[PDB]
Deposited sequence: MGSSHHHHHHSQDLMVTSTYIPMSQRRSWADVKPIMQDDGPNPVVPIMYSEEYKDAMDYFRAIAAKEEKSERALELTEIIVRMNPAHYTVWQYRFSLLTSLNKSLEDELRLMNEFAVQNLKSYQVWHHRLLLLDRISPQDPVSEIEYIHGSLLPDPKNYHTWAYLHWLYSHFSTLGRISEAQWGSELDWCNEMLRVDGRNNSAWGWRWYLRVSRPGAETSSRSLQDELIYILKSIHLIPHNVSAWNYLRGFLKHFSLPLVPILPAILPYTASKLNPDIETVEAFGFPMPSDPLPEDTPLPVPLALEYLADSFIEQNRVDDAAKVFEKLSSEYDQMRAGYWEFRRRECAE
């Protein structure tokens, strides 16, 4: 059974402070006895600004019941730095939270502040933890954003070696092999190969990248993630669309990869984003009437959910 904190010897000197809602608040929550009691004493602790081990224990009790309680996370971090607590132990506690499905923006931000303050000479073991943590949800948005932050922050300090970037691309390639429709891994590939300040831009790398993109499309012709990456790639590097059109035309019915001579089964034609490529190719050649006819068919036949948008594109040609 529950022992209230008013009956605990360790807390006898503390006068709890009630929540100040006013007389008849809207959206009141029927708090458990444990949560109300803990917050009553947290209000007193935070009022006197006590930085102590019992305050530390109290914050953990509260964030286990409400992991999105940003005020108590803020107080917890100031406790850790004020008491000079082991930040590696706290990091292990955050690993347990994930295992126990205690999750929020506030937990992920707490993890970031820990890594920033520890400031490891080599973050390799945190990188490897983040990779493993993606197994139950390979698209967790907070995890992917944290991974971006980790590599960006520690590369700014000069602490990401070339071997580490190489194994990160290897891991990214494996993620996309296991699920080519994981748009989060495509986004990561873009950071690794295009946007990060240390990425190489040569004629070899552009050719390699285009080969990878085209092979990905031929493996899964209806994969929107791959089509968007192709269009972003060409646009970002100001590359013409026409020379690649041979690899795309079979989907609208030389050197770079071509579609399979028998197309994969369950590949109904035409692929609407292939038609968009063709239309934009016509615009590149100043053949505005040929582009307009493709947009018209996208609008009335092949991508009718977007009929108004494709009609907007058709009119732009005139």
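Unmodelled regions of the deposited chain, listed from N- to C-terminal end, are 1-18, 272-283, 349.
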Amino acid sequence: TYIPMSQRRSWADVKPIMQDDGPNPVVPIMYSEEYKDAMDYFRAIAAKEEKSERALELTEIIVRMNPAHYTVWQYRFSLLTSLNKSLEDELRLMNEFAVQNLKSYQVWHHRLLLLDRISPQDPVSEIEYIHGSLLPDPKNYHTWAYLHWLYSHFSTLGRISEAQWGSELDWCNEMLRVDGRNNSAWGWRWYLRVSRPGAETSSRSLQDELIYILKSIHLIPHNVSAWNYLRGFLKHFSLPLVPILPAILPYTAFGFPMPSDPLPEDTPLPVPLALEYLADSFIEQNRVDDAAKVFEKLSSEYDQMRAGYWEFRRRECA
From here on, numbers count along this sequence of modelled residues.
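Per the records, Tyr35 is modelled in every other compared entry, just as the shown structure includes it, so no third of them leave it out. Annotation: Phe254 belongs to the positions left without coordinates in at least a third of the other compared entries, with flanking residues modelled. For the pair 194-202 and 109-117, the mean Cα B-factor is higher in 194-202.
Mean CA B-factor, 156-164 versus 95-103: the higher value falls on 95-103. For the set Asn286, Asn66, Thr59, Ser52, the maximum C-alpha B-factor listed in the entry falls on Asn286. Note on the listed residues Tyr70, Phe282, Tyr35, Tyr41: the highest Cα temperature factor in the record is that of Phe282. When the modelled residues of the chain are ordered by their C-alpha B factor, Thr143 lands in the lowest third. Ranked by Cα temperature factor within the chain, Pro221 sits in the middle third according to the deposited record. Looking at the C-alpha B-factors along this chain, the one for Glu88 belongs to the middle third. Remark: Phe233 belongs to the middle third of its chain, ranked by C-alpha B-factor as recorded.
When the modelled residues of the chain are ordered by C-alpha B-factor, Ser184 sits in the lowest third.
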